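# Topology and contacts: notes
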Amino acid sequence: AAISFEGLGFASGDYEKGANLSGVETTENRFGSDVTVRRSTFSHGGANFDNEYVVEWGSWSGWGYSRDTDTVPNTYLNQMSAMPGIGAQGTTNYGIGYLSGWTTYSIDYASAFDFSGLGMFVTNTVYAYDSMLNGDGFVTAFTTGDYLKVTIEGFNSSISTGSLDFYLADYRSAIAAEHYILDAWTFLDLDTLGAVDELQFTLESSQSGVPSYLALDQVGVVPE
Ligand code: CNC
Ligand SMILES: [Ca+2]
């Protein structure tokens, strides 16, 4: 029932960013270059995940998946690993979103899924975590005022069933003791969304240089 990502295959290595997904390719002009854009969708049960891969750049956006256990930071060369180096609830596979440009991306259900009594797991990627914690060429190391959050909104036939915020990293508080960055799979309660045919995800950050990723897993399970 739950989206576990299990029994999605790995054609190459320990993750899928879209380079080996089958999809539809068109030529588009982007940042001044004509490039080949592949739009693909992978499925897990009733749920559909859109992926966009630009062939010439090797860049991607939208959704991918992983079983990666490598937790050594190596900027974008290790971008598909969740901080725990394993999926949630001891499972091998998990999802990755590169929710590029701080806009909205969706999981599309063929049939309504009821989140009553249920939730999902999220955490940070190694790349994003390390960037926020320590800083890089694009990011000032997180201090008072910094944050990374995700808004999760349910829809049913394009009508909102409710909207929830959850902080992947919260340094906003004047009280330093309130500051944290998630390094573990963390349960997010989605009960109030009820029956949805679409879940929308949007990241927001104090700093636009923060790698716009989250790790997600076990979508639609009971609290443990
Ligand atoms: C344009 C752009 C941007 N990108 Co790229 C994205 N999406 N990117 C791209 C494209 C570059 C096109 C080109 N070279 O012609 C494009 C789509 C290929 C790309 C690719 C990537 N990008 C990536 C990321 C994560 C980032 N990108 C941003 C720089 C991110 C930007 C948003 C932002 N917040 O800054 C961004 C939208 C605007 C940059 C810009 O135009 N600056 C103005 C320009 C005049 O200045 P510049 O300093 O010369 O910009 C150069 C660099 O930004 C470089 N570059 C672009 N992305 C990266 C990523 C890294 C790690 C490095 C070292 C350099 C770059 O290319 C620019 C032109 O040469 C980023 C800050 C967005 C974000 N917040 O997530 C972030 C880096 C985060 C970090 N702290 O390390 C990818 C890993 C995304 C992916 N999932 O595939 C990937 C890495 C390279 C690869 N090919 O695999
Ligand atoms: Ca899993």
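The residue numbers you see begin from 1 on each chain and track the sequence as written, which may not match the entry, and residues missing coordinates are not shown. As they are written, the chains are lettered A onward and the ligands numbered 1 onward, keeping that order. Water and hydrogen atoms were dropped before computing side-chain values, which therefore reflect all heavy atoms in the structure.

Regarding how it was determined, this PDB entry cites X-ray crystallography in its header, along with a resolution of 1.850 Å.

Time to look at the coordination of the calcium ion (ligand 2). Those donors, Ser-4 (O), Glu-6 (OE), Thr-91 (OG1), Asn-93 (O), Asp-217 (OD), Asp-217 (OD) and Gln-218 (OE1), are the protein atoms that reach the calcium ion (ligand 2), and they lie 2.3 to 2.7 Å from it. Any nitrogen, oxygen or sulfur atom within 2.8 Å of a metal ion counts as a donor, with the limit raised to 3.2 Å for Na, K and Ca, and since water is left out, coordination shells can look unfinished. The sequence pattern describing where the donors of the calcium ion (ligand 2) fall on their chain is S-x1-E-x84-T-x1-N-x123-D-Q. Of this pair, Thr-91 sits in the loop between β5 (59–66) and β6 (94–98) while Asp-217 sits in strand β14 (residues 213–221), and the two are 126 residues apart along the sequence. Look at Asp-217 and you get buried, because its relative accessible area is 0%. Only DSSP runs of H or I reaching four residues or more are called helices, and only runs of E reaching two or more are called strands; each is numbered from the N terminus. Relative accessibility under 20% of the residue-type maximum defines a buried residue, over 50% an exposed one, and the middle range a partly exposed one, all with a 1.4 Å probe and only protein chains included.

UniProt positions are given in the numbering used here, feature names are shortened, and annotations may be inferred rather than shown by experiment. Within this structure's numbering, the places UniProt gives as "binding site: Ca(2+)" (unreviewed entry) are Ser-4, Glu-6, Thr-91, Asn-93 and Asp-217. Sequence-wise these annotated residues cover 214 residues; spatially they are packed, their C-alpha atoms never more than 10.0 Å apart. Along the polypeptide, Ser-4 turns up in the segment before β1 (15–16). Every residue pair with non-hydrogen atoms within 4.5 Å of one another is taken to be in contact. Not counting the four nearest positions on each side in its chain, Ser-4 is found in contact with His-44, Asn-93, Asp-217 and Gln-218. Setting aside residues no more than four positions away along its own chain, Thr-91 makes contact with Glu-6, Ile-86, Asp-217 and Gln-218.

A word on the site of ligand 1. For ligand 1, the set of nearby residues contains 20 residues, the closest of which are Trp-57, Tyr-98, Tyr-127, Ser-208 and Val-210. Measuring from an oxygen atom of ligand 1, one finds a side-chain N or O atom of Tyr-98 at 2.8 Å. Definition of a polar contact: a pair of N or O atoms within 3.5 Å, with one able to donate and the other able to accept a hydrogen when the atoms are protein atoms, and with sequence-neighbouring residues admitted only if both atoms are side-chain atoms. Taking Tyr-127, its side chain carries an N or O atom lying 2.6 Å from an oxygen atom of ligand 1. Throughout, the term near means that a residue has one or more heavy atoms lying within 4 Å of the molecule or strand in question.

Right, let's talk about the pattern of salt bridges for a bit. One side-chain nitrogen of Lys or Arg within 4 Å of one carboxyl oxygen of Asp or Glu is enough to make a salt bridge. All chains considered together, the criterion is met by eight salt bridges. Among the ionic pairs, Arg-30 bridges to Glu-28, the shortest N-O distance being 2.8 Å. Taking the shortest distance from any N to any O, the salt bridge between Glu-52 and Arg-39 comes out at 3.7 Å. Pair noted here: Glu-52 is in strand β4 (residues 47–54) and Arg-39 is in strand β3 (residues 33–44), with a separation of 13 residues, a long-range link. When its relative accessible area of 18% is taken as the criterion, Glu-52 is described as buried. Salt bridges linked by common partners bring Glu-28, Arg-30, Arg-39 and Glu-52 together as one network.

Each pair of aromatic rings is reported with the distance of its centres and the angle of its planes. Only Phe, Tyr and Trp rings are paired, with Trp represented by its six-membered ring, and only when their centres lie within 6.5 Å; those with planes under 30 degrees apart are stacked, over 60 edge-to-face, the remainder tilted. In total, this model carries 17 aromatic pairs according to the counting rule given. Aromatic ring contacts, followed pair by pair, group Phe-5, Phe-10, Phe-42, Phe-49, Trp-63, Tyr-65 and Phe-201 into a single cluster.

Mapped onto this numbering, the UniProt entry annotates "binding site: cyanocob(III)alamin" (unreviewed entry) at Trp-57, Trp-60, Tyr-98, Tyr-127, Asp-136, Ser-208, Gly-209, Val-210 and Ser-212. Note on placement: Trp-57 falls in the loop between β4 and β5. Judged by relative accessible area, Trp-57 falls into the partly exposed class, the value being 40%. Residues contacting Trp-57, with those up to four places away along its chain left out, are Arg-30, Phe-31, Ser-33 and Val-35. Mapped onto the elements of the fold, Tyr-98 is located in strand β6. Residue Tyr-98 is classed as partly exposed on the basis of its relative accessible area, which comes to 22%. In this view, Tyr-98 contacts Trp-60, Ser-61, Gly-62, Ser-212 and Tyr-213; residues no more than four positions away in its chain are not counted.

Moving on to the environment of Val-219. The residue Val-219 is located in strand β14 in this model. With a relative accessible area of 0%, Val-219 lands in the buried category. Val-219 sits 100 residues away from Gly-119 along the chain, and the two C-alpha atoms are 6.4 Å apart. Sequence-distant contacts of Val-219, defined by excluding residues within four places in its chain, comprise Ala-2, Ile-3, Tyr-109, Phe-115, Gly-119, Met-120 and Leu-199.

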